[PDB]
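By letter and in written order, the chains are A, B, C, D, E and F; residue numbering begins at 1 in each of them.
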Amino acid sequence: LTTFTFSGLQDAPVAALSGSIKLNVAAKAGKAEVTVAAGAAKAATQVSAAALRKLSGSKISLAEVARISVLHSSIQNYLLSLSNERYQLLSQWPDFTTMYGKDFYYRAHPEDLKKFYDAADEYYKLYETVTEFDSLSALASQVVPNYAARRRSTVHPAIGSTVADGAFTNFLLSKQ
Amino acid sequence: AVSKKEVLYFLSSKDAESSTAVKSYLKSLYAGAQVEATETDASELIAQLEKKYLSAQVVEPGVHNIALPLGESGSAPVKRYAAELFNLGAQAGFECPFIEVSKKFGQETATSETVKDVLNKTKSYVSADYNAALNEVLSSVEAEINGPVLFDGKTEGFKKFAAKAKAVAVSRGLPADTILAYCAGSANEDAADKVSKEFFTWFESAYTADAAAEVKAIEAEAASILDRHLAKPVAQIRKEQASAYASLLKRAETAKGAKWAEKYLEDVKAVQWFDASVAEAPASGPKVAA
Amino acid sequence: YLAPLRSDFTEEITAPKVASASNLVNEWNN
Amino acid sequence: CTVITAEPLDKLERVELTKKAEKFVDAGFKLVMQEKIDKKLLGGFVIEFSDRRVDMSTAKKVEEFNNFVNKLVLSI
Amino acid sequence: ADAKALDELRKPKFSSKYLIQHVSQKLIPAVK
Amino acid sequence: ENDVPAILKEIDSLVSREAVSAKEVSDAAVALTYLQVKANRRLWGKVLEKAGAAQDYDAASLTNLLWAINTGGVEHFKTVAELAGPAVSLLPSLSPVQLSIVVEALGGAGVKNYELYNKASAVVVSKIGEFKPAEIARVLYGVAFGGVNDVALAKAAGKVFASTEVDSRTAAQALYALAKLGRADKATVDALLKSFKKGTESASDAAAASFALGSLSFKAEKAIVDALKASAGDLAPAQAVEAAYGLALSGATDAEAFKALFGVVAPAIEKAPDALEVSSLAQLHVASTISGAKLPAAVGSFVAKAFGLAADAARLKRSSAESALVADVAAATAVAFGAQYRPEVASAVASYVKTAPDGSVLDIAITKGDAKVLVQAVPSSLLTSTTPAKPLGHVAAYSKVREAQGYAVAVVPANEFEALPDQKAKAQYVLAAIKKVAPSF
């Protein structure tokens, strides 16, 4: 953000937009009293005209607090979303515990029952390994360093194929 | 601490372990110190080498404060990511990426005289899909002139090569007219602004195109790593990850006296602190002093 | 969670090599 | 000899090249000249004594500098 | 202990920055 | 019955719920900026997290949210730049006041969304008469600080600014936008300085107008300076230093106004020096050299070192055409002082790099006995973008602060220098530059 801002008590929002909180201000000549009402909380303040320009004198400068990195948190977010996409199709597995009764045991060919019990063990393996969410923090660290080396380019970090193509047209089609 | 030349780069950047070092340096200067003499030395190879290896130290934590927009709706998070990387290149001392890779093109082939070696020595910096087409259209103009095309500009063979490679450039889909009119300029500022309002539009399409290609590559690489990971039973996964973590921890603990090893171990202890701080009060997250 | 640290540069500007789409969704549907 | 420079010689760099060249001949030999122009050097000169050559160039300097800076970063 | 700071927590932790500083500290006096 | 931390705890329990649509988070941000909660960072962080996570957006919701992010003084680039997509997809349906607040708040954080700024320029230049000059001043500010050097809406705004009477805040925002754009149009700044006559209700407008009149380097107004000196206890130190810098570059004689501006800066560096950026401390040292007012003994030599730090920082990150430019100017001024061959011009460019006694390293410094002569190159970024092509105020700032060290700066603008076809004409140009300001050389 720039150091000089130019907003406050001019083209200001005049009322609420949600039913969760209420707000209406006092657009008087020199002063302004806000009245914000939010369920079990009630607040009515009295602010000046220049009291909103002194607000943005100090900057908040909000920042992330990450466990490893903000990049590593974004990669772990994508691995969590992909584990959600796989978990959504291990949730449509048919319930096979209803066919564990002995009236299905003895009416079955034996190798088909071997196949069925091994399929149930395979599902328990797949479900125990798709819900190992502690391992995404070490899956994400195998995508990080090649990406960090690709952004550590000798020309520019944000460089790519298209911008280099355009500047090669600009370098070639000019007089040497 | 810093050694008086790294601290001249970290002034405009906003990464934390550079900002706290600059703040401790200004704490040293306000509490009764004199500023050390800036070196009026280091001839041009050492100058650009230390620029290359000193902007690396300010770009490489800057990538880790930039979160990828992996799998989002709309091309505007890609614009967020590319704008963050543009700001990182600005705070790292690099220029606009167009003029930066143009400077690299001029640096690469200062000693090239014909056009075949200007397409050979810039093979690493242009796309091979475009380098093959430029080599084939140059072989076409070579069949036309039956002489090596000279990289001078006033040659008629190079003029026909420019008029053919402009068609090659529009065949790639990128308009050469707005780009050449941008870097060639016009008389009045209004018809320069009308050219810039097309060149910046193509520039945004270009940087968002390769940034979206980068996030698509990371998406597909993460999907391939997960799909090669989900096929394992859980004990194999835990043993492989614990053994890899112990081995790369031994690689750090082996290096005694190295600054990067000590920083590695302090960041490991900070990660364990973050796990403890989310373990103490998981309703709001980590404990931050305020 | 920790990654091996590398200090090396890439001088080439290439396509970022979009890898292959694995067949885990079709194997699990199978 | 046969010198090759990127630029034609000025009358200060000619005297400088003659003074810096006589420590490459093992006598008080009155080394002759044969100025040649090649822009493939990025400045400097390459003296060719027709039995040996001393490469005082700038392009050879930056290529040897690149080889040395590549041989150190693989060792550190 | 706990609730350390803010700029001590804003640090991108496993970025390199020091291996590059190590090679830049042991390369430039060895090449000047 | 009336209590603010109860409603702050209630909003902290409102936003922390998982499902929140755009209207709740927009009104939550408006209610947060209406109570001045700068000491609370976690609540502003949660409301920005849930502003980023939202999907649907109305025009009033996104406008009120961007208004609260802008007016609250919060910088978080990621969530406010992901808002630019909802701004682009809702841009023709935005009200002119709402499009104004949206584009101004997006340009405040410096988002590099060129399609947004091109479409907003075309919208605000096709239908101009619906926009009150506050709205096009906000659009000009947002397109200026948003990374666009657009001149078409600048001229279309200068027409409306020259036609009608505008308010003080609109004129201050407009001149700030022109100062970052780098135009220095006298015909527009005269039409825009006539509104600073009733006295301004806030000192941020007078501070930005003073910094704009300093960076374009015209002159003061003596009532903008008096509106600054009237209650100089309200401005931020990072606002006050750029205000004093804009007064010093226009040559302010109100030394009481400089003491009143330093009366908030010197306690700020007295409490904690580390909060301000080093470019601002360099601007403070420039204002302290031009005005010459007294400063505390711990802060004067401190900003004297800080100007050397910021000067070496700006020289080390050089644009590498300015590197070739100072190499060309140094070769020309070594030809001019006499070196007709390449080894002697090399030996003369090697001996022009003496260090200044505050710690900086000067590119071209010439010495004979008692007198030192510096040559200063102004490539293109420190030039005005208009048709006179004059240097910006940072040039005169650097010249006046080098003249306080014992140098006679001969400024060489590069619109004149690279237009010369040879080396001898460049030597004659730098001889005309140096002999004018120091005839002993």
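Here, a contact is a pair of C-beta atoms (placed from the backbone, for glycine too) under 8 Å apart; a residue touches a chain by one contact, two chains touch by 3 or more.
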item: Other chains in touch with both chain B and chain D; value: E, F
item: More contacts between chains, B-F or D-F; value: B-F
item: Distance between chain centroids, defined by C-alpha means - chain B, chain E (Å); value: 19
item: Whole-Å gap separating chain A and chain B, where each centre is the average of the chain's CA atoms; value: 24
item: Approximate Å spacing (C-alpha centroids) for the pair chain A, chain E; value: 28
item: Sites on chain C at which at least two other chains make contact; value: 1-9, 11, 13-16, 24
item: Where chain D touches two or more other chains, by residue; value: 65, 69, 73
item: Junction residues of chain A - those touching two or more other chains; value: 63-65, 67-72, 86, 126, 138, 140-142, 144, 148, 150, 152, 154-155, 159-161, 164
item: In contact (per the touch rule at the top): chain pairs; value: A-B, A-C, A-E, A-F, B-C, B-D, B-E, B-F, C-E, D-E, D-F
item: Chain A-touching residues of chain E, taken from the complex the two chains share; value: 6, 9-10, 12-16
item: Interfacial residue positions of chain F with respect to chain A in the complex; value: 1-4, 6-7, 9-11, 14, 21, 23-24, 26-28, 30-31, 33-36, 38, 41, 44-45, 48, 58, 60-61, 63-64, 67-68, 70-76, 97, 100-101, 104-105, 108-109, 134, 137-138, 141, 145, 169, 172-173, 176, 201-205, 207-208, 211, 234-236, 238-239, 242
item: Chain F contact footprint on chain A (complex, rising order); value: 1-8, 10-13, 16-18, 20-21, 23, 25, 34, 36, 38-45, 47, 49-63
item: Chain C-facing residues of chain A, complex; value: 67-68, 72, 86, 89-90, 126, 137-138, 140-142, 144-145, 149-150, 152-155, 159-161, 164
item: In the complex, chain E residues that touch chain C; value: 14, 16, 19-20, 22-23
